[PDB]
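Shown next are two forms of a single protein chain, provided one at a time as structure tokens under the names structure 1 and structure 2.
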Structure 1
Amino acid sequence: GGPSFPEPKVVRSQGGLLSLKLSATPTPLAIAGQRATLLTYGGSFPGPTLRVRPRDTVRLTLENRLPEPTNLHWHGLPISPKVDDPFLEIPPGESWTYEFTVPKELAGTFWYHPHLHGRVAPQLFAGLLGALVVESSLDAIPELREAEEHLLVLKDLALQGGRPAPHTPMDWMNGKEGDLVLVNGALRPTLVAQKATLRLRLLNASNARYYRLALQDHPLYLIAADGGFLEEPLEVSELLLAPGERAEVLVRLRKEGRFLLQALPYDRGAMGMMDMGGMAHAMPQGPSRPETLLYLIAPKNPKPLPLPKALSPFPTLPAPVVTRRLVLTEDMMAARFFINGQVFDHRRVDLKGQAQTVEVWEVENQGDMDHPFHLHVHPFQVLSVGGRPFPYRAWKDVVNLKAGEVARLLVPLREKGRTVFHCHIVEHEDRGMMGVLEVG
């Protein structure tokens, strides 16, 4: 009812259980005024949103109907790596049931996508992604209960011959960006707000595109990062979301009107093909062209809600027991990507840590591109980048590093088992930039 807005179908837990059979299948669909066959979960692009509460049981059977093997990564979920198994392979025509319990303190926006090494980037680019939302008791406070809530899945695409465009040699180096810059699988949808306060859950599920988000005439009020709430709302004029990151923001519409949500120009250090003359400068690709993501129409006579004064206190973490250094490097022309000078080997354990301890990880980008570093299974707290303090306290699982930046991360080691860390420009992961962590 009311005005329509494209948004994935939601599947909710019931009586403490979300049991769902999800097929990964090629699917002809309508897209930006044409028809294309994508790879999809549940026949939709994006895939369906799974919405759960803490302590729920999730029983997701993944039915592989693809021509190639696949698996799922439960991105951001602090569960067992024996469930969130980055080494599992589900052959074509086979199924696998993922069963886990949602942790008691968890809240926010998470997502699921393929993690079969070597094939992540084509599979994710072809459409295999969906969101997972964990509801919180905090969502009941009046300042959030009465906000108009929406999920915005930021994911671009390019098509050739009615199918996802093939990966080029340049895509393996830079990561693939598409010419169709979509929101919830739609080209520049219009959202006609019925409330003056919106709560937008934001997911960057793109292979490589960055989104320097800005809303015309409006600040954003950040209330959640990748893996949970901030301690209190943080007003920002704009918000950069790297591949794999999520955020939740409140928007306070003060005036009537139509306002563009844009992805402003951002230069992530992608490299262009080489050229003659024009002098001026060199041959980086330079900043992205600005893109309109959606149109937001304010309701009549808008009166926004007050902001909540407080959200969730961040747990104090114990003193760390060990410091690690992880150096990211690249060989751009070979399109190979390294951590501490090595490419991923699934039979090599790179770091051995202890369950129930906290470590400090120093992640150093010695490349020229932005690399967004992701660690499975163990959410972390970012302390500093470039020697300066991170602007808020919240659980993160992806941290963006620009050329030369060093992040210092507090990593509490939770579940035992073997898991991975990798750049979330997924082409770089496929081309080497991944290593193996074992917790005992």
Structure 2
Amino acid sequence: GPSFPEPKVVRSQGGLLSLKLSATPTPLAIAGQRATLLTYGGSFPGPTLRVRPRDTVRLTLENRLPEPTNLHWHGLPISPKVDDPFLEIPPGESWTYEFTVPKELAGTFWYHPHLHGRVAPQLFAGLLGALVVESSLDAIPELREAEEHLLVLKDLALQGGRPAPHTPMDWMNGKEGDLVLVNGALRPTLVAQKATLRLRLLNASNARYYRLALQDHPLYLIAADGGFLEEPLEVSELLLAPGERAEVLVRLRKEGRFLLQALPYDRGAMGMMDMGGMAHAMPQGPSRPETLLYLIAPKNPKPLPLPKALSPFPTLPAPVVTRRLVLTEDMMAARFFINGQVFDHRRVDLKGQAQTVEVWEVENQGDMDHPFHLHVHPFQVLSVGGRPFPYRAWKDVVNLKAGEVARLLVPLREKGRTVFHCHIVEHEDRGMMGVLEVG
């Protein structure tokens, strides 16, 4: 129908989003070919859930997979008793997630499986969808009058009409696929009807990075992972690591066709080489450039003025502890560590106090990029690689290139046991995850 494919939207009704969603192997048409994927709601991506603060969400997940699964409400600062990373929904069983959307929340979030050891294959097979929290700021004219679209960035590889299996190298690097899709479509065309576009961006890939650039145009960052910036930030490109989100304004400057591209980016993935007594790992180097979509500008584009301001970032109490988390790798074993340990669901690694603020220094001592994710407690990135972060906004995933230190301001919110881990999900399944208990 519409030239631009976008997941179906389910909205709350009278302050309640009540929905039954089954995770099921589903025959689909994807990228001009028939394939059986694992989907929520029979679609890839799963449906977009659009809610408002203080809405009630009642989501019954029926597991029709041959293996156990669960849901992670990625980015939502709700209770880890609801967003429970240790829950197992057995095959054939159902579980109902009921939570209230926090009052002070806005932006693009998402849901996907989080059963340790099975995350990478289930996510890669198509189990993912977006959750949008619409705010009163969406009513200001500079945003309301913009044309809005969600872009779910997720790649795929097919073998015999099914998701390609994980190889040993996939477990080491994180699996990337040759089909680089937007909303499950291969290089769709967006024929813009307005000159200002508001694009909600989601990197739902296992491991692929998206070094985003729109031909002949800057991007205006207005929101990060878990909330608005304080004011629009002009960027020439925008890197989205696995699990990250962003919202940008695009102000179309002239008529024409403009490529939105994932420019070449070296995240440190490795190959293997044998050159006579060698048999050692070699960098894959940068990814080849990918076209994500074709953007057709309307006739005589006159974009709206940018919003002068978005949302003030909260003033946070002085922190009461500093934590250091060091990431390391054993590439040939495909094992990944935090402070020298692999995940153990029985072991509590960190113990913090709710409503206190902590400083987290996360240090990448590996040679690969590692996008560090913390559940339940959104954070403020202060600096990465010794460079001050140029905006204030809630994030829940922060990318660390090799050698870099990120300093995060972490306010602890809901009490309970939750996790932190690399969002190259193969690395999480292979041990790069730890346990935080908030009391």
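The first residue in the sequence of structure 1 is number 1, and each one after it adds one. Rigid core: the largest C-alpha set superposing within 1.5 Å between the two forms. Only residues modelled in both forms are compared.
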With the two forms fitted on the rigid core, I'd like to know which residue in 282, 343, 310, 322 is displaced by 2 angstroms or more at its CA between structure 1 and structure 2. 282
Once both forms sit on the same core, give the Cα displacement of residue 387 between structure 1 and structure 2 in angstrom. 1.9
With both forms put on the same core, how far apart in Å are the CA positions of residue 372 between structure 1 and structure 2? 0.1
Superposed on the rigid core, segments between structure 1 and structure 2 of at least 3 residues with Cα shifts of 2 Å or more: 2 to 4, 275 to 283
